[PDB]
């Protein structure tokens, strides 16, 4: 009958979303608004919201239901629609000039295993608002949850009158189909949301490519910060979706003056402090791999789970695992994506800033600071040059939750569009009405 959006071949998946895009060029702005709203109701439906949130966890073995229940709702509510497509206007003696945001064509989107449903909802809303179709390439670990969402969207858009196959994917998401999608001529723009290997891959294809890379965000806490509030926002921001967010705090850098009071307020807020060098080393055997990287089995796991594996039984109060280590520690250097939070002590905030730049590894992604000194907040904000910089709040404030602005799950650091929206999936066009319609 109607297409379910899922095809057996990447080539005809691209050819199907290529025909959809052209048909989609006949649909009015109001059609886009109904389609965009149709995608919101699909995920914000309470039966679907709870279903995608827990099933993703069931299939990926990462994150938790309660938090992807919030993240999925953030992608549905705070993702911009067709209002994002603004129009610049310049009226003068030479008439008028309009600048619009117009469809690219067909977009290929490569989505991660840390925000499988969130990224698809966030991409599809923006890419369809800008008048594009999208060919998705999900991470094969999130294959089942992603295609089902792809299918749920196709059904809703069919009931609204949309052209078939505005959102599509493949039945067997693989590394080969992802490469196949990057090579297909009809694909006009690529959007990559993942690690450094995939971001550099879409940049080598001869096509327009949005690159959302990895992070390693430090959170500086100087003597000026509200230590009680700082330690609360840290635990919440680090335990959020079990540290899967690319913004989630992954190492603490505190000045010696307030460090012991920070650790005390951190434990008070649900941190389990590891002080014995043996159980710490015992923890490194659990969560690390060969080549000193993170184990995907431990990635996205809870603090209850990780301490269960080293013979420590704690209740549900424990949200993170705390330890004060040197800066060379692998938990500091690596993007653990786990509620494991090291803490490096430094003499002054200037040393905390100069170190936070180093452990950023030039990712230019996310950095957090707790401090009420404007001069010190703007010195770190200027020097580290990250795409998102949160101040006196949990890191998820930079995604629109607890912070001002809209929400996105594709954050462009390398290619540099920042928090991508519908403007990011559109071509910039200029229209010059010479010596007419200067009605000032």
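Numbering follows the first chain given and starts at 1.
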Revision key, fill the gap. The stretch whose C-alpha atoms carry the larger average B-factor in the entry, 295 to 303 or 88 to 96, is 295 to 303
Study note, to complete from the structure: Entry B factor averaged over C-alpha atoms, 76 to 84 against 274 to 282: higher for 274 to 282
Point to revise | Of the residues 123, 257, 154, 102, the one carrying the largest Cα B-factor as recorded | key: 257
**Study point:** Top Cα B factor in the deposited entry, candidates 374, 70, 390, 56
**Key:** 56
Check your understanding: Mind checking which third residue 132 falls in for C-alpha B-factor across the chain?
Key -> middle
Exercise for review: Please rank the C-alpha B-factors of the chain's modelled residues and tell me whether residue 218 sits in the lowest, middle or highest third.
Suggested key: lowest
Practice item. Would you mind ranking residue 249 by its C-alpha B-factor against the rest of the chain and naming the third, lowest, middle or highest? Key: middle
**Study point:** residue 6 - which third its CA temperature factor falls in, relative to the rest of the chain
**Key:** middle
Exercise for review: Using the B-factors in the PDB entry, rank residue 385's C-alpha atom against the chain and give the third, lowest, middle or highest.
Suggested key: middle
